[PDB]
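Numbering (PDB author numbering), first residue to last: 1 to 31.
Inspection log for the structure reproduced underneath, given as structure tokens.
Put into structure tokens, the structure is as follows:
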């Protein structure tokens, strides 16, 4: 469907298979 891509907050939403959820910046980053 549509996950949280780079630059998108991951405080709750998860990123698509291939991205990491930066718990430090509360956002998705490159894997």
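For each residue, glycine too, the CB sits at the ideal point set by N, CA and C.
Would you mind stating whether residue i and residue j have Cβ atoms separated by less than 8 Å?
{"i": "residue 31", "j": "residue 19", "result": "yes"}
{"i": "residue 3", "j": "residue 21", "result": "no"}
{"i": "residue 26", "j": "residue 10", "result": "yes"}
Leaving out five residues on either side along the sequence, give the residues of the same chain with a beta carbon under 8 Å from the beta carbon of residue i.
{"i": "residue 13", "result": "3 and 4"}
{"i": "residue 7", "result": "27 and 28"}
Given residue i, which residues of its chain have a CB within under 7 Å of its CB, disregarding the five upstream and five downstream residues?
{"i": "residue 17", "result": "none"}
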